[PDB]
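Engineer: I'd like to ask some things about the structure below.
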Amino acid sequence: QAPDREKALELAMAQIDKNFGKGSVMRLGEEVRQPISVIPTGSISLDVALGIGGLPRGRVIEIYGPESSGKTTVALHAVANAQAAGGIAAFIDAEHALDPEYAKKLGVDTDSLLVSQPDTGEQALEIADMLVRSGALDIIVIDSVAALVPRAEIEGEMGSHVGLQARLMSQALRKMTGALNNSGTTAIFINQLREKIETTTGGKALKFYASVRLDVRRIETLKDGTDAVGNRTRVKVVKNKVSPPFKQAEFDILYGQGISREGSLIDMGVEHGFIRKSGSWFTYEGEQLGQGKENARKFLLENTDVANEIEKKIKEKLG
C-alpha cells in the first residue's frame, strides 16, 4: 500500500513494543530514547556507542572476551563512577584475582568496596541476590560466569550428570533479573572465551537475560617508543536492548593507569572534527594541542579546562 505500508508497520512495530516491551523491534538507524539513568563506562567512545551514554542501570550486563583483553578494567571503571556519585558497589569474587592497587588508580574506593568470596557458585548467586534485594547497591559485578562451579562438582556427589552450571545460572538469572529491574541495581558479569577467538560456558541464560553484551577484544599492543604504555581495546556491543545494537568503539588502556580519558577525547575530537589534525599536529580551534598522539594527551592530561570543553562539546554534538 501507499503509507498504509509504513503506517501499519508502525501499528505493528508499536504493539510489539507494547506486548514485549520496548527493545523488541528497532531500526539500526534511529536515535530513540534517553533515560536520565546510565553509568559511564568511562569512555565517551564506548558510551556514545551504547547509545544511552553508559551501561543502562536496572538492566543486567555481560562483558565477555579472551584473557587479558579489558573486561575487568571496564567493569572496574564502571564501578568507580557509579561509586563517585553516592552509590556503593559489591564485587562477588570467585576468581580470587583482583588488585586494589589497580582499581584505586582507576577511581575505586576499595575501602568502601564490598568484596565477597563464595565457596560454591550456587552460594555466590544467592549472596549476589539477597545483596541486591536490600536495594542498597548501585552496581554489582560477578567476576567470572565461568568460575561458578556448582556445589555438586566441587563435591563430586549429586552428579557424571550436568545441566548444573546452566541451571544454577538460569535459576538465579530469572529470579535476580526481576529485582534488578525493581531495585535499579545494574549487574555486570565478566564471562570468558575458552578459546573463541565460546558459545556459552553456561551462557544460554545470560545470553538472553542480559540487556547489553560487550565483546571486548584486544586489537593492538600500544607502542610507547620505549616498549609499551598499554593496549588498544575494541568493544563490539553485540546486543543492545536499550538503544540500537551492533555499534562499537575503541580506547586505550595504559598499563597501570587504565582507560585513557584524554586519548578518547582526541579520537572523538577528530572523528567529529572538533580537533583538526595538521599531520601529527592535533590543533583545537586556533591554538594547537601538541605534536603526537601521546604528545597531545600529555597536553589534554594537564589541561582539564580545554579537555572538558571537548568532552562537553563532543557530548553536545550528540547527547
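Following the order of the C-alpha cells, chains are lettered A, B, ..., residues in each are numbered from 1, and ligands are numbered from 1.
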Could you go through segment 52-180 of chain A and tell me which residues DSSP, when run on the backbone, assigns to helix (DSSP H, G or I), listing them as a PDB file with N, CA, C and O atoms, in the first residue's frame?
Structural biologist:
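The result, stored in selection_21.pdb:
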```
ATOM      1  N   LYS A  71      37.876  -6.453  29.829  1.00  0.00           N
ATOM      2  CA  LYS A  71      36.700  -6.707  30.643  1.00  0.00           C
ATOM      3  C   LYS A  71      36.759  -6.055  32.011  1.00  0.00           C
ATOM      4  O   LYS A  71      36.201  -4.983  32.204  1.00  0.00           O
ATOM      5  N   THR A  72      37.418  -6.702  32.963  1.00  0.00           N
ATOM      6  CA  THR A  72      37.534  -6.150  34.300  1.00  0.00           C
ATOM      7  C   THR A  72      37.796  -4.636  34.289  1.00  0.00           C
ATOM      8  O   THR A  72      37.013  -3.858  34.853  1.00  0.00           O
ATOM      9  N   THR A  73      38.887  -4.211  33.654  1.00  0.00           N
ATOM     10  CA  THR A  73      39.213  -2.786  33.586  1.00  0.00           C
ATOM     11  C   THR A  73      37.973  -1.945  33.324  1.00  0.00           C
ATOM     12  O   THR A  73      37.778  -0.916  33.948  1.00  0.00           O
ATOM     13  N   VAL A  74      37.134  -2.388  32.397  1.00  0.00           N
ATOM     14  CA  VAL A  74      35.906  -1.672  32.100  1.00  0.00           C
ATOM     15  C   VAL A  74      35.042  -1.693  33.345  1.00  0.00           C
ATOM     16  O   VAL A  74      34.794  -0.647  33.931  1.00  0.00           O
ATOM     17  N   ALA A  75      34.590  -2.884  33.751  1.00  0.00           N
ATOM     18  CA  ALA A  75      33.731  -3.036  34.925  1.00  0.00           C
ATOM     19  C   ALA A  75      34.300  -2.314  36.121  1.00  0.00           C
ATOM     20  O   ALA A  75      33.578  -1.628  36.826  1.00  0.00           O
ATOM     21  N   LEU A  76      35.595  -2.467  36.357  1.00  0.00           N
ATOM     22  CA  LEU A  76      36.215  -1.776  37.471  1.00  0.00           C
ATOM     23  C   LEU A  76      35.983  -0.282  37.290  1.00  0.00           C
ATOM     24  O   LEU A  76      35.694   0.430  38.245  1.00  0.00           O
ATOM     25  N   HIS A  77      36.124   0.200  36.061  1.00  0.00           N
ATOM     26  CA  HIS A  77      35.882   1.611  35.803  1.00  0.00           C
ATOM     27  C   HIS A  77      34.405   1.864  36.064  1.00  0.00           C
ATOM     28  O   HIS A  77      34.062   2.766  36.818  1.00  0.00           O
ATOM     29  N   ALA A  78      33.542   1.051  35.449  1.00  0.00           N
ATOM     30  CA  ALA A  78      32.088   1.176  35.600  1.00  0.00           C
ATOM     31  C   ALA A  78      31.681   1.310  37.048  1.00  0.00           C
ATOM     32  O   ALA A  78      30.780   2.073  37.376  1.00  0.00           O
ATOM     33  N   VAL A  79      32.339   0.548  37.911  1.00  0.00           N
ATOM     34  CA  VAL A  79      32.077   0.603  39.343  1.00  0.00           C
ATOM     35  C   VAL A  79      32.510   1.976  39.830  1.00  0.00           C
ATOM     36  O   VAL A  79      31.709   2.741  40.348  1.00  0.00           O
ATOM     37  N   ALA A  80      33.785   2.278  39.628  1.00  0.00           N
ATOM     38  CA  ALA A  80      34.379   3.538  40.033  1.00  0.00           C
ATOM     39  C   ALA A  80      33.482   4.752  39.889  1.00  0.00           C
ATOM     40  O   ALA A  80      33.425   5.587  40.790  1.00  0.00           O
ATOM     41  N   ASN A  81      32.793   4.865  38.760  1.00  0.00           N
ATOM     42  CA  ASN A  81      31.923   6.014  38.540  1.00  0.00           C
ATOM     43  C   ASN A  81      30.658   5.949  39.395  1.00  0.00           C
ATOM     44  O   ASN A  81      30.444   6.801  40.250  1.00  0.00           O
ATOM     45  N   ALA A  82      29.833   4.934  39.186  1.00  0.00           N
ATOM     46  CA  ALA A  82      28.609   4.785  39.967  1.00  0.00           C
ATOM     47  C   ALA A  82      28.878   4.985  41.458  1.00  0.00           C
ATOM     48  O   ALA A  82      27.964   5.264  42.244  1.00  0.00           O
ATOM     49  N   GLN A  83      30.140   4.834  41.836  1.00  0.00           N
ATOM     50  CA  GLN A  83      30.562   4.977  43.220  1.00  0.00           C
ATOM     51  C   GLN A  83      30.804   6.458  43.500  1.00  0.00           C
ATOM     52  O   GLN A  83      30.306   7.015  44.484  1.00  0.00           O
ATOM     53  N   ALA A  84      31.557   7.091  42.610  1.00  0.00           N
ATOM     54  CA  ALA A  84      31.881   8.505  42.723  1.00  0.00           C
ATOM     55  C   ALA A  84      30.626   9.379  42.751  1.00  0.00           C
ATOM     56  O   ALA A  84      30.721  10.601  42.836  1.00  0.00           O
ATOM     57  N   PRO A 100      43.466  -4.269  44.334  1.00  0.00           N
ATOM     58  CA  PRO A 100      43.007  -2.967  44.787  1.00  0.00           C
ATOM     59  C   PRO A 100      43.919  -1.869  44.260  1.00  0.00           C
ATOM     60  O   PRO A 100      43.458  -0.783  43.931  1.00  0.00           O
ATOM     61  N   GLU A 101      45.209  -2.167  44.158  1.00  0.00           N
ATOM     62  CA  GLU A 101      46.187  -1.204  43.660  1.00  0.00           C
ATOM     63  C   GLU A 101      45.751  -0.595  42.329  1.00  0.00           C
ATOM     64  O   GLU A 101      45.744   0.626  42.166  1.00  0.00           O
ATOM     65  N   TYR A 102      45.401  -1.458  41.382  1.00  0.00           N
ATOM     66  CA  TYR A 102      44.954  -1.038  40.061  1.00  0.00           C
ATOM     67  C   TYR A 102      43.609  -0.334  40.212  1.00  0.00           C
ATOM     68  O   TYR A 102      43.454   0.834  39.852  1.00  0.00           O
ATOM     69  N   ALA A 103      42.637  -1.047  40.762  1.00  0.00           N
ATOM     70  CA  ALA A 103      41.316  -0.482  40.958  1.00  0.00           C
ATOM     71  C   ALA A 103      41.404   0.952  41.466  1.00  0.00           C
ATOM     72  O   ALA A 103      40.750   1.836  40.936  1.00  0.00           O
ATOM     73  N   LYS A 104      42.227   1.184  42.484  1.00  0.00           N
ATOM     74  CA  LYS A 104      42.374   2.521  43.061  1.00  0.00           C
ATOM     75  C   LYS A 104      42.885   3.539  42.060  1.00  0.00           C
ATOM     76  O   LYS A 104      42.337   4.634  41.948  1.00  0.00           O
ATOM     77  N   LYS A 105      43.941   3.187  41.337  1.00  0.00           N
ATOM     78  CA  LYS A 105      44.486   4.106  40.349  1.00  0.00           C
ATOM     79  C   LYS A 105      43.421   4.432  39.305  1.00  0.00           C
ATOM     80  O   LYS A 105      43.567   5.372  38.527  1.00  0.00           O
ATOM     81  N   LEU A 106      42.347   3.655  39.284  1.00  0.00           N
ATOM     82  CA  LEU A 106      41.272   3.905  38.332  1.00  0.00           C
ATOM     83  C   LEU A 106      40.227   4.872  38.901  1.00  0.00           C
ATOM     84  O   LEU A 106      39.679   5.697  38.164  1.00  0.00           O
ATOM     85  N   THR A 110      38.117   1.253  47.060  1.00  0.00           N
ATOM     86  CA  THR A 110      38.249  -0.112  47.566  1.00  0.00           C
ATOM     87  C   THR A 110      37.755  -0.224  49.010  1.00  0.00           C
ATOM     88  O   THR A 110      36.943  -1.083  49.339  1.00  0.00           O
ATOM     89  N   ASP A 111      38.252   0.666  49.860  1.00  0.00           N
ATOM     90  CA  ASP A 111      37.877   0.722  51.260  1.00  0.00           C
ATOM     91  C   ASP A 111      36.403   0.478  51.442  1.00  0.00           C
ATOM     92  O   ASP A 111      36.014  -0.340  52.262  1.00  0.00           O
ATOM     93  N   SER A 112      35.580   1.200  50.688  1.00  0.00           N
ATOM     94  CA  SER A 112      34.131   1.058  50.800  1.00  0.00           C
ATOM     95  C   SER A 112      33.594   0.045  49.804  1.00  0.00           C
ATOM     96  O   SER A 112      32.384  -0.050  49.602  1.00  0.00           O
ATOM     97  N   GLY A 121      29.411 -21.924  43.446  1.00  0.00           N
ATOM     98  CA  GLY A 121      28.811 -20.909  42.598  1.00  0.00           C
ATOM     99  C   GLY A 121      27.327 -20.740  42.862  1.00  0.00           C
ATOM    100  O   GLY A 121      26.685 -19.802  42.397  1.00  0.00           O
ATOM    101  N   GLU A 122      26.781 -21.666  43.627  1.00  0.00           N
ATOM    102  CA  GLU A 122      25.374 -21.637  43.948  1.00  0.00           C
ATOM    103  C   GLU A 122      25.149 -20.674  45.104  1.00  0.00           C
ATOM    104  O   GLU A 122      24.118 -20.012  45.171  1.00  0.00           O
ATOM    105  N   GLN A 123      26.139 -20.582  45.991  1.00  0.00           N
ATOM    106  CA  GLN A 123      26.104 -19.693  47.156  1.00  0.00           C
ATOM    107  C   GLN A 123      26.451 -18.261  46.747  1.00  0.00           C
ATOM    108  O   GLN A 123      26.044 -17.306  47.406  1.00  0.00           O
ATOM    109  N   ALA A 124      27.210 -18.136  45.658  1.00  0.00           N
ATOM    110  CA  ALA A 124      27.661 -16.853  45.124  1.00  0.00           C
ATOM    111  C   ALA A 124      26.540 -16.045  44.514  1.00  0.00           C
ATOM    112  O   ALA A 124      26.535 -14.824  44.608  1.00  0.00           O
ATOM    113  N   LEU A 125      25.600 -16.722  43.869  1.00  0.00           N
ATOM    114  CA  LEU A 125      24.487 -16.023  43.257  1.00  0.00           C
ATOM    115  C   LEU A 125      23.447 -15.666  44.301  1.00  0.00           C
ATOM    116  O   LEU A 125      22.663 -14.736  44.104  1.00  0.00           O
ATOM    117  N   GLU A 126      23.431 -16.409  45.406  1.00  0.00           N
ATOM    118  CA  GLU A 126      22.493 -16.114  46.482  1.00  0.00           C
ATOM    119  C   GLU A 126      22.958 -14.840  47.161  1.00  0.00           C
ATOM    120  O   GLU A 126      22.176 -13.918  47.390  1.00  0.00           O
ATOM    121  N   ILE A 127      24.245 -14.785  47.464  1.00  0.00           N
ATOM    122  CA  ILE A 127      24.830 -13.610  48.083  1.00  0.00           C
ATOM    123  C   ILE A 127      24.710 -12.392  47.166  1.00  0.00           C
ATOM    124  O   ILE A 127      24.705 -11.260  47.634  1.00  0.00           O
ATOM    125  N   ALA A 128      24.633 -12.624  45.860  1.00  0.00           N
ATOM    126  CA  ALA A 128      24.519 -11.525  44.914  1.00  0.00           C
ATOM    127  C   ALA A 128      23.055 -11.176  44.741  1.00  0.00           C
ATOM    128  O   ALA A 128      22.712 -10.128  44.198  1.00  0.00           O
ATOM    129  N   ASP A 129      22.189 -12.064  45.214  1.00  0.00           N
ATOM    130  CA  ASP A 129      20.762 -11.840  45.102  1.00  0.00           C
ATOM    131  C   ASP A 129      20.259 -11.110  46.327  1.00  0.00           C
ATOM    132  O   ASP A 129      19.735 -10.011  46.219  1.00  0.00           O
ATOM    133  N   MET A 130      20.417 -11.697  47.503  1.00  0.00           N
ATOM    134  CA  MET A 130      19.933 -11.004  48.683  1.00  0.00           C
ATOM    135  C   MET A 130      20.645  -9.667  48.836  1.00  0.00           C
ATOM    136  O   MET A 130      20.074  -8.702  49.348  1.00  0.00           O
ATOM    137  N   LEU A 131      21.886  -9.598  48.378  1.00  0.00           N
ATOM    138  CA  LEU A 131      22.622  -8.353  48.482  1.00  0.00           C
ATOM    139  C   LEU A 131      21.877  -7.328  47.648  1.00  0.00           C
ATOM    140  O   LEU A 131      21.619  -6.225  48.107  1.00  0.00           O
ATOM    141  N   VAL A 132      21.508  -7.711  46.428  1.00  0.00           N
ATOM    142  CA  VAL A 132      20.800  -6.807  45.532  1.00  0.00           C
ATOM    143  C   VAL A 132      19.365  -6.504  45.969  1.00  0.00           C
ATOM    144  O   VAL A 132      18.794  -5.497  45.548  1.00  0.00           O
ATOM    145  N   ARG A 133      18.791  -7.348  46.826  1.00  0.00           N
ATOM    146  CA  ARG A 133      17.425  -7.130  47.296  1.00  0.00           C
ATOM    147  C   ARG A 133      17.314  -6.029  48.335  1.00  0.00           C
ATOM    148  O   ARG A 133      16.251  -5.433  48.508  1.00  0.00           O
ATOM    149  N   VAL A 145      31.647 -15.757  35.078  1.00  0.00           N
ATOM    150  CA  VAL A 145      30.438 -16.553  34.995  1.00  0.00           C
ATOM    151  C   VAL A 145      30.940 -17.971  34.940  1.00  0.00           C
ATOM    152  O   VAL A 145      30.278 -18.892  35.401  1.00  0.00           O
ATOM    153  N   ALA A 146      32.127 -18.124  34.360  1.00  0.00           N
ATOM    154  CA  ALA A 146      32.774 -19.420  34.188  1.00  0.00           C
ATOM    155  C   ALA A 146      33.361 -20.055  35.458  1.00  0.00           C
ATOM    156  O   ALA A 146      33.632 -21.253  35.482  1.00  0.00           O
ATOM    157  N   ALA A 147      33.546 -19.266  36.512  1.00  0.00           N
ATOM    158  CA  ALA A 147      34.130 -19.777  37.753  1.00  0.00           C
ATOM    159  C   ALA A 147      33.114 -20.191  38.798  1.00  0.00           C
ATOM    160  O   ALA A 147      33.466 -20.415  39.953  1.00  0.00           O
ATOM    161  N   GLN A 165      25.657 -25.950  35.686  1.00  0.00           N
ATOM    162  CA  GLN A 165      26.113 -24.566  35.577  1.00  0.00           C
ATOM    163  C   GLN A 165      24.865 -23.915  34.997  1.00  0.00           C
ATOM    164  O   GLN A 165      24.120 -23.240  35.716  1.00  0.00           O
ATOM    165  N   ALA A 166      24.604 -24.153  33.720  1.00  0.00           N
ATOM    166  CA  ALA A 166      23.405 -23.611  33.067  1.00  0.00           C
ATOM    167  C   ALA A 166      22.131 -24.099  33.685  1.00  0.00           C
ATOM    168  O   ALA A 166      21.471 -25.018  33.109  1.00  0.00           O
ATOM    169  N   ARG A 167      21.776 -23.612  34.890  1.00  0.00           N
ATOM    170  CA  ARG A 167      20.608 -24.090  35.555  1.00  0.00           C
ATOM    171  C   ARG A 167      20.800 -23.305  36.791  1.00  0.00           C
ATOM    172  O   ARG A 167      20.054 -22.386  37.101  1.00  0.00           O
ATOM    173  N   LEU A 168      21.871 -23.659  37.481  1.00  0.00           N
ATOM    174  CA  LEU A 168      22.253 -22.948  38.679  1.00  0.00           C
ATOM    175  C   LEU A 168      22.274 -21.480  38.243  1.00  0.00           C
ATOM    176  O   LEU A 168      22.031 -20.599  39.052  1.00  0.00           O
ATOM    177  N   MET A 169      22.560 -21.219  36.965  1.00  0.00           N
ATOM    178  CA  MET A 169      22.573 -19.842  36.476  1.00  0.00           C
ATOM    179  C   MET A 169      21.169 -19.410  36.044  1.00  0.00           C
ATOM    180  O   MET A 169      20.673 -18.388  36.507  1.00  0.00           O
ATOM    181  N   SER A 170      20.515 -20.165  35.168  1.00  0.00           N
ATOM    182  CA  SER A 170      19.174 -19.760  34.752  1.00  0.00           C
ATOM    183  C   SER A 170      18.298 -19.585  35.990  1.00  0.00           C
ATOM    184  O   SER A 170      17.524 -18.635  36.081  1.00  0.00           O
ATOM    185  N   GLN A 171      18.436 -20.497  36.945  1.00  0.00           N
ATOM    186  CA  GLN A 171      17.662 -20.431  38.177  1.00  0.00           C
ATOM    187  C   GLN A 171      17.755 -19.030  38.760  1.00  0.00           C
ATOM    188  O   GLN A 171      16.741 -18.370  38.985  1.00  0.00           O
ATOM    189  N   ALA A 172      18.990 -18.589  38.993  1.00  0.00           N
ATOM    190  CA  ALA A 172      19.273 -17.288  39.593  1.00  0.00           C
ATOM    191  C   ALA A 172      19.126 -16.091  38.675  1.00  0.00           C
ATOM    192  O   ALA A 172      18.903 -14.974  39.147  1.00  0.00           O
ATOM    193  N   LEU A 173      19.280 -16.297  37.373  1.00  0.00           N
ATOM    194  CA  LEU A 173      19.123 -15.181  36.454  1.00  0.00           C
ATOM    195  C   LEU A 173      17.667 -14.734  36.436  1.00  0.00           C
ATOM    196  O   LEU A 173      17.400 -13.547  36.592  1.00  0.00           O
ATOM    197  N   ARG A 174      16.731 -15.672  36.258  1.00  0.00           N
ATOM    198  CA  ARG A 174      15.318 -15.307  36.227  1.00  0.00           C
ATOM    199  C   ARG A 174      14.905 -14.674  37.534  1.00  0.00           C
ATOM    200  O   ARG A 174      14.229 -13.645  37.553  1.00  0.00           O
ATOM    201  N   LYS A 175      15.303 -15.311  38.626  1.00  0.00           N
ATOM    202  CA  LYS A 175      14.993 -14.822  39.958  1.00  0.00           C
ATOM    203  C   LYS A 175      15.582 -13.426  40.200  1.00  0.00           C
ATOM    204  O   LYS A 175      14.879 -12.530  40.664  1.00  0.00           O
ATOM    205  N   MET A 176      16.858 -13.243  39.863  1.00  0.00           N
ATOM    206  CA  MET A 176      17.550 -11.965  40.046  1.00  0.00           C
ATOM    207  C   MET A 176      17.227 -10.898  38.994  1.00  0.00           C
ATOM    208  O   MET A 176      17.272  -9.704  39.282  1.00  0.00           O
ATOM    209  N   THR A 177      16.920 -11.326  37.772  1.00  0.00           N
ATOM    210  CA  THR A 177      16.588 -10.384  36.710  1.00  0.00           C
ATOM    211  C   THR A 177      15.434  -9.530  37.215  1.00  0.00           C
ATOM    212  O   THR A 177      15.419  -8.320  37.027  1.00  0.00           O
ATOM    213  N   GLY A 178      14.480 -10.171  37.879  1.00  0.00           N
ATOM    214  CA  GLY A 178      13.332  -9.458  38.404  1.00  0.00           C
ATOM    215  C   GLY A 178      13.711  -8.269  39.267  1.00  0.00           C
ATOM    216  O   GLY A 178      13.434  -7.126  38.906  1.00  0.00           O
ATOM    217  N   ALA A 179      14.351  -8.539  40.402  1.00  0.00           N
ATOM    218  CA  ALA A 179      14.769  -7.495  41.341  1.00  0.00           C
ATOM    219  C   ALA A 179      15.545  -6.356  40.684  1.00  0.00           C
ATOM    220  O   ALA A 179      15.160  -5.198  40.799  1.00  0.00           O
ATOM    221  N   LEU A 180      16.643  -6.681  40.012  1.00  0.00           N
ATOM    222  CA  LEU A 180      17.448  -5.672  39.330  1.00  0.00           C
ATOM    223  C   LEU A 180      16.532  -4.610  38.731  1.00  0.00           C
ATOM    224  O   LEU A 180      16.745  -3.421  38.931  1.00  0.00           O
TER     225      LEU A 180
END
```
Engineer: For residue 262 of chain A, work out the shell of residues within 6 Å, counting only C-alpha atoms and skipping chain neighbours fewer than 5 positions away, then give it as a PyMOL selection string.
Structural biologist: chain A and resi 297+300-301
Engineer: Which residues in segment 51-271 of chain A does DSSP call strand (DSSP E or B)? List them as a ChimeraX atom specification.
Structural biologist: /A:55,60-64,88-93,114-116,137-143,186-190,212-220,230-240,248-254,258-259
Engineer: Applying 12 Å and only C-alpha atoms, which residues near segment 306-310 of chain A remain after dropping the ones on its own chain fewer than 6 positions away? List them as a ChimeraX atom specification.
Structural biologist: /A:44,261-270,272-275,283-285,287-289,296-300,316-317
Engineer: List the spatial neighbours of residue 34 of chain A as a PyMOL selection string - criterion: any atom at most 12 Å away, only C-alpha atoms, same-chain residues fewer than 5 positions off excluded.
Structural biologist: chain A and resi 48+50-54+56+242-244+318-319
Engineer: Can you tell me which residues surround residue 89 of chain A at a distance of at most 7 Å, considering only C-alpha atoms, apart from same-chain residues fewer than 6 positions away, and format the answer as an MDAnalysis selection string?
Structural biologist: chainID A and resid 79 83 113:114 137:140
Engineer: With only C-alpha atoms as the atoms that count, which of A:254, A:193, A:85, A:238 lies nearest to residue 223 of chain A?
Structural biologist: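 Using only C-alpha atoms, residue 223 of chain A sits closest to A:254.
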Engineer: By how many Å are atom CA of residue 41 of chain A and atom CA of residue 88 of chain A apart?
Structural biologist: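 Calculated distance between atom CA of residue 41 of chain A and atom CA of residue 88 of chain A is 16.1 Å.
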Engineer: Contacts of residue 23 of chain A at 12 Å or less, counting only C-alpha atoms, minus same-chain residues fewer than 5 places along, as an NGL selection string?
Structural biologist: :A and (13-18 or 28 or 32-33 or 59 or 211-212 or 239-245)
Engineer: Write out as JSON lines a residue-level contact list of segment 1-101 of chain A versus segment 229-233 of chain A with cut-off 12 Å: for each qualifying residue the closest pair of atoms and the distance in Å to one decimal, counting only C-alpha atoms, rows sorted by chain and residue number upward.
Structural biologist:
```
{"residue": "A:43", "atom": "CA", "partner": "A:233", "partner_atom": "CA", "distance": 11.3}
{"residue": "A:45", "atom": "CA", "partner": "A:233", "partner_atom": "CA", "distance": 11.4}
{"residue": "A:46", "atom": "CA", "partner": "A:233", "partner_atom": "CA", "distance": 10.5}
{"residue": "A:65", "atom": "CA", "partner": "A:233", "partner_atom": "CA", "distance": 10.9}
{"residue": "A:66", "atom": "CA", "partner": "A:233", "partner_atom": "CA", "distance": 11.7}
{"residue": "A:68", "atom": "CA", "partner": "A:231", "partner_atom": "CA", "distance": 10.0}
{"residue": "A:69", "atom": "CA", "partner": "A:233", "partner_atom": "CA", "distance": 7.0}
{"residue": "A:70", "atom": "CA", "partner": "A:233", "partner_atom": "CA", "distance": 7.0}
{"residue": "A:71", "atom": "CA", "partner": "A:233", "partner_atom": "CA", "distance": 9.7}
{"residue": "A:73", "atom": "CA", "partner": "A:233", "partner_atom": "CA", "distance": 10.7}
{"residue": "A:74", "atom": "CA", "partner": "A:233", "partner_atom": "CA", "distance": 10.3}
```
Engineer: Produce a file of the selected residues containing N, CA, C and O atoms, as a PDB file, in the first residue's frame.
Structural biologist:
```pdb
ATOM      1  N   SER A  43      34.405   5.913  28.997  1.00  0.00           N
ATOM      2  CA  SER A  43      34.923   6.090  27.646  1.00  0.00           C
ATOM      3  C   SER A  43      33.838   6.699  26.787  1.00  0.00           C
ATOM      4  O   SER A  43      32.947   5.994  26.321  1.00  0.00           O
ATOM      5  N   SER A  45      33.649   7.210  24.037  1.00  0.00           N
ATOM      6  CA  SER A  45      33.531   6.372  22.860  1.00  0.00           C
ATOM      7  C   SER A  45      32.545   5.238  23.119  1.00  0.00           C
ATOM      8  O   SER A  45      31.498   5.153  22.496  1.00  0.00           O
ATOM      9  N   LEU A  46      32.885   4.364  24.050  1.00  0.00           N
ATOM     10  CA  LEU A  46      32.021   3.242  24.394  1.00  0.00           C
ATOM     11  C   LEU A  46      30.612   3.718  24.743  1.00  0.00           C
ATOM     12  O   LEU A  46      29.615   3.097  24.370  1.00  0.00           O
ATOM     13  N   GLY A  65      34.990 -11.892  26.712  1.00  0.00           N
ATOM     14  CA  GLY A  65      36.170 -11.715  25.889  1.00  0.00           C
ATOM     15  C   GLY A  65      37.373 -12.497  26.395  1.00  0.00           C
ATOM     16  O   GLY A  65      37.463 -12.801  27.582  1.00  0.00           O
ATOM     17  N   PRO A  66      38.323 -12.826  25.508  1.00  0.00           N
ATOM     18  CA  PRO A  66      39.552 -13.577  25.788  1.00  0.00           C
ATOM     19  C   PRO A  66      40.372 -13.011  26.936  1.00  0.00           C
ATOM     20  O   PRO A  66      40.253 -11.828  27.246  1.00  0.00           O
ATOM     21  N   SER A  68      43.108 -11.296  29.249  1.00  0.00           N
ATOM     22  CA  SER A  68      43.978 -10.138  29.097  1.00  0.00           C
ATOM     23  C   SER A  68      43.494  -9.243  27.971  1.00  0.00           C
ATOM     24  O   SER A  68      44.268  -8.869  27.100  1.00  0.00           O
ATOM     25  N   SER A  69      42.210  -8.895  27.997  1.00  0.00           N
ATOM     26  CA  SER A  69      41.612  -8.057  26.965  1.00  0.00           C
ATOM     27  C   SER A  69      40.988  -6.752  27.461  1.00  0.00           C
ATOM     28  O   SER A  69      40.886  -5.791  26.708  1.00  0.00           O
ATOM     29  N   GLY A  70      40.554  -6.707  28.710  1.00  0.00           N
ATOM     30  CA  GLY A  70      39.982  -5.468  29.202  1.00  0.00           C
ATOM     31  C   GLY A  70      38.848  -5.617  30.182  1.00  0.00           C
ATOM     32  O   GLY A  70      38.870  -4.986  31.230  1.00  0.00           O
ATOM     33  N   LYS A  71      37.876  -6.453  29.829  1.00  0.00           N
ATOM     34  CA  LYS A  71      36.700  -6.707  30.643  1.00  0.00           C
ATOM     35  C   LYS A  71      36.759  -6.055  32.011  1.00  0.00           C
ATOM     36  O   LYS A  71      36.201  -4.983  32.204  1.00  0.00           O
ATOM     37  N   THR A  73      38.887  -4.211  33.654  1.00  0.00           N
ATOM     38  CA  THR A  73      39.213  -2.786  33.586  1.00  0.00           C
ATOM     39  C   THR A  73      37.973  -1.945  33.324  1.00  0.00           C
ATOM     40  O   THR A  73      37.778  -0.916  33.948  1.00  0.00           O
ATOM     41  N   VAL A  74      37.134  -2.388  32.397  1.00  0.00           N
ATOM     42  CA  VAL A  74      35.906  -1.672  32.100  1.00  0.00           C
ATOM     43  C   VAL A  74      35.042  -1.693  33.345  1.00  0.00           C
ATOM     44  O   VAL A  74      34.794  -0.647  33.931  1.00  0.00           O
TER      45      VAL A  74
END
```
Engineer: So how many Å separate atom CA of residue 189 of chain A and atom CA of residue 206 of chain A, to one decimal?
Structural biologist: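 So the two atoms, atom CA of residue 189 of chain A and atom CA of residue 206 of chain A, lie 8.7 Å apart.
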Engineer: Rounded to one decimal, what separation in Å do you get between atom CA of residue 213 of chain A and atom CA of residue 61 of chain A?
Structural biologist: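 Those two atoms sit 6.2 Å apart.
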Engineer: For a quick check of understanding, using only C-alpha atoms, which of A:40, A:234, A:295, A:25 has the smallest distance to residue 218 of chain A?
Structural biologist: A:234
